[PDB]
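The form deposited in one PDB entry is given below as one chain in structure tokens.
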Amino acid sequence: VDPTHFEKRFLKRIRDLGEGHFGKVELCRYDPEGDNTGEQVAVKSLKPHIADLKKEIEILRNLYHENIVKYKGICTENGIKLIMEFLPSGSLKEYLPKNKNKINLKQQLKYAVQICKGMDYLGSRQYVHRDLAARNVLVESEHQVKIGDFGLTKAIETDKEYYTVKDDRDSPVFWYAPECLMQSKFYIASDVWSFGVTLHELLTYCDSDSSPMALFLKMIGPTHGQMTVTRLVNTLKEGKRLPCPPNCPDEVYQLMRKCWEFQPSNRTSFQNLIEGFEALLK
């Protein structure tokens, strides 16, 4: 009965879609007319951290892009739910293993371009994503993907180059650049690094045995507990990186390597990546 919001009683629950840090996402049909003509929507709620969800809502409200999941609205309870468009094929992490024979290198490069476009937009808006990994890239169809979660996303202040994180507890460390691990500083160039790791996942079709975590654990050892990040940083300082996936051509690997320069100022920009991938298409 605020017509500008979604009524909780009409978000007809269908099934779970996924879980993240603070939240879970569920598929609902929003059916206020009660005649089953309403649309299916994805609904993010706090897990069975209110301030955190509200910050994520403010970010997604402020984003509108072809390769960013579409904000639809809010449902208010105190509590709040974030309402988004539903993207039926789910994340790249679940979609790619099911579609190896359907998705070729050409299609993978088109996804790389779409990811880089959403990311260049995000950066232009002075946000750092902080969780760019295949599990957060949603597939609308065979031909299009969108960045689909913003739970760790932060604003960089005008004229500043990084955001300093005070709370690193949710951090995907095997997707993180050295400055994020060593100083909790997050630059747009730190999201470039994460994108290189995401690209690696995309090229290995998100095989679990080739995941950045599984691969780095093999390099540094799996039982270091709280010394894990320390060993990761040591490895990176030594210049080691994830290898070229087999079936990844050298020209693509070179783009990936440009995301992995140790120093953030030495890394490629997302605009340069967009153009670099497009030169490999047709």
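Residue numbers here begin at 1 and follow the sequence given. Between two forms, the rigid core is defined as the largest C-alpha subset superposing within 1.5 Å.
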property	result
At least a third of other PDB entries omit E77	yes
Between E77 and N78 - deposited residues without coordinates, as a size class	1 to 3
Chain break class at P48/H49 - deposited residues not modelled	4 to 9
Mean C-alpha temperature factor, higher of 20-28 and 270-278	20-28
Of 179-187 and 117-125, the stretch whose C-alpha atoms average the higher B-factor in the entry	179-187
Out of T37, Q254, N67, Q40, residue topping the C-alpha B-factor column of the entry	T37
Out of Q107, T198, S208, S91, highest CA B-factor residue	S208
Chain thirds of CA B-factor: placement of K146	lowest
Chain thirds of CA B-factor: placement of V192	lowest
Third of the chain, ranked by Cα B-factor, where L217 sits	highest
Entry-reported Cα temperature factor of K100, expressed as the chain third it lands in	highest
Third of the chain, ranked by Cα B-factor, where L138 sits	middle
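Although not depicted, the form deposited in another entry is the subject of the following passage.
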item	value
Position with Cα shift of 2 Å or more, rigid core superposed between this form and the one not shown, options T37, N247, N234, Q254	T37
Is_shifted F270 between this form and the one not shown (CA, 2 Å cut-off, rigid core)	no
